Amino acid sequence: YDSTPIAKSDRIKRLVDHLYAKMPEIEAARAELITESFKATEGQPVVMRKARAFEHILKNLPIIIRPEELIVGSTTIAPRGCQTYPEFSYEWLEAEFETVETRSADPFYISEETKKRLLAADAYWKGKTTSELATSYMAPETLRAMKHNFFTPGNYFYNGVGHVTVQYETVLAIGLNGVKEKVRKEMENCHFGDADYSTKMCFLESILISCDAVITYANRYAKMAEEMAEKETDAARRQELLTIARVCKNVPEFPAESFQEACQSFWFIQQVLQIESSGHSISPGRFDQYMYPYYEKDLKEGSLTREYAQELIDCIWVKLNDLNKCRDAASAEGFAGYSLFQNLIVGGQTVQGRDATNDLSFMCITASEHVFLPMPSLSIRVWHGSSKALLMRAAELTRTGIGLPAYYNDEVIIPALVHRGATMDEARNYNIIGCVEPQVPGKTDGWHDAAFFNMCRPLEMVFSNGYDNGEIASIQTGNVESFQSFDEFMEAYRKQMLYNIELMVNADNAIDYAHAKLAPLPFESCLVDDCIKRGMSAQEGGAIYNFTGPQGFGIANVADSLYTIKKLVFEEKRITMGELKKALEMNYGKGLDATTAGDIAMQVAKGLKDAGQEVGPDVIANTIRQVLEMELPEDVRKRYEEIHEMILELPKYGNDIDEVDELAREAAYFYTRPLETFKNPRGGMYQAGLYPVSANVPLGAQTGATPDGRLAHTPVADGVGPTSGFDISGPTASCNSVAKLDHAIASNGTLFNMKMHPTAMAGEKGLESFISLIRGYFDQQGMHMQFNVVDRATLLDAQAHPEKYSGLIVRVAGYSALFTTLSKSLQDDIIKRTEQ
């Protein structure tokens, strides 16, 4: 390989500026077309109706070729816009018609005419959505757990599943023509009298229709390019348009004959998957591996230059940021920054077990530097034989502050995959899904972000004996002041965890049934083994590997909390259990907020109503103002303060202190061990992940004060790393603590955020000690690390004067985003993260 960086074309910046010239906009065409199709296919099998709707959408959806695009394919007329997906849900969106343009997280413009069109189209989907069927399949206890914010399964409730790396390489090598032939060959194994003939053959026919729809789609672009070429006065651009027309007539119907054909074929698959369904984390995976044969052949024949190849890849990077998705306001806070979590990884090992680095490995890193946008979520696989040149080039990218690539440990991930059932050859070919979730590509339906679980809420339930704001919200594990030992408290916590984990399994399994019954996806399925052979969609159990992956939040908070309780209450006896409980209720005497005011206001109102009495707005308004203005007796306030102070002085997780860290390990197991025993309706197993996306901020807002010293309704920790400001012994000590967790059992992936001051990366020696930091953690079986590289003054100035920082990127968690597109509360969370 030749690691010298390839020059950047002047086209790229113009492509980028065009994406961002206007607000993202919501468009109504998809909703109209899916409604139109479904009205015409009533009475037919579900999967055939989905195929026909996909066909109808791709035939009629407005298409556009944006100025100077080499790779074409746009899902909305407005750049960075989105279509809507009423088959999953829509009531949330109609409820936000007047507010979504100016909401605090991921705002979208929507026109008056679009509102009217959505209203008419959506009406059809009332009583037909996955979300409504899912709801009916959830236990009452499950609904209660969600109402009290133990967990949220919103992701696949409101929108599609996704979270998959499909067989891009199959499409490149044999075309959709080849996939159809595979389907037709399987059809020959089916006989009229087979017990599964009706359903198998319907699914197989649905694939044929879906493949021809995508071919049709590509040819619409060829036609548009030809018409544009005819009226193009610029001679060079006209030729570009004519090349586009030739390319789109060949791919993805046929095997790719050139690097540009491979790029265009890839992009059409990447795009239409996200038209078929709104599931995000559609992850390109090992793009440097499967694109390489097409690059190499073009190059060696002299028909392709490195410069044009780089330009094409840069164009794909831009396109990856053109796609978008609108989520309801509450959901959006957990997925903030307009990400689609399209994870693309470089390097690692071949199936043979040799280093996989090639020319494209470096060019993918360069493309991230060239385009400098949030997507794709660039990743690198690190192993003992990694090319040093590739690692240093990755470190160079990280030094820019863009937060890329994220670093993943082959030596832990490969055995974890094998343990969950992959072969060694399969595991060696893994890539990452979305944020940090590993998978065998082209063979898996992994449900890699099925829910967010707040591990602090079961802890709060131990204190409150399963009550929340006066009502029963969980099991009763006992009056917390009756516990005679730390082991008894721990056991109560274990049970609160187990009870609520099982309810989360109920919620996800309910949503699973809803997708299986109402939203099988023939196009996504045909590119995943073994759907064709089994005659069923990936949503029904057709995939070889099936998982459900829900995420645990707050390990640092829980560990430190338990340490506080063990040390100050039971051993040293410096605080009574009752004092601690009451200090937490009163936010350590630091003041009660709007959330607490509202809670108590609602509790007071319910008591009045339950006793058949009037709910006087005067009584409740004076309850609110009272909570907000409450002042404690000075002696009591004083005591809560010194309680807080002695808690903040305790040793904390993230400083290589064994006695704290062992509790982090033990508490993590209360989440990860039960989960690996549960099963899903697709015939696979649950597996815990430990990562936050941006949801640690809203989950923390649902969480009272905790014994680690964290104040009420502030964010919980991001991932498996230490609490901000608590890790005060430098990065090596922090890594040592975090590596004491069992990461491998959390085989849906763990996330370790770290923030470096830019001086840490300075020079070749800076880059080398950076790499050594990562290897030191990986050598202790850590799974993943990723880095912000930025000084505090920069982030504060970007808050005060966003207009100077329109291009500033920060690492959130498992993805990067434009800093000034993030809300103040998320920005603040990122800013207070420990600077090493």
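The first residue of the shown sequence is 1; numbering continues from there.
- Stretches 768-776 and 807-815 differ in mean C-alpha B factor, with the higher average recorded for 768-776.
- Looking at 653-661 and 689-697 together, the entry lists the larger mean B-factor for 653-661, computed on C-alpha atoms.
- Across the residues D106, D530, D445, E113, the deposited record lists the maximum Cα B factor for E113.
- When the C-alpha B-factors of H384, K128, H280, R80 are read from the PDB record, the largest value belongs to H384.
- Sorting the modelled residues of the chain by their CA temperature factor places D791 in the highest third.
- Sort the chain's modelled residues by C-alpha temperature factor and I402 lands in the lowest third, per the entry.
- Among all modelled residues in its chain, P45 ranks in the lowest third by Cα B-factor.
- Annotation for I63: CA B-factor lies in the highest third of the chain's modelled residues.
- When all modelled residues of the chain are sorted by CA temperature factor, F670 is found within the middle third.
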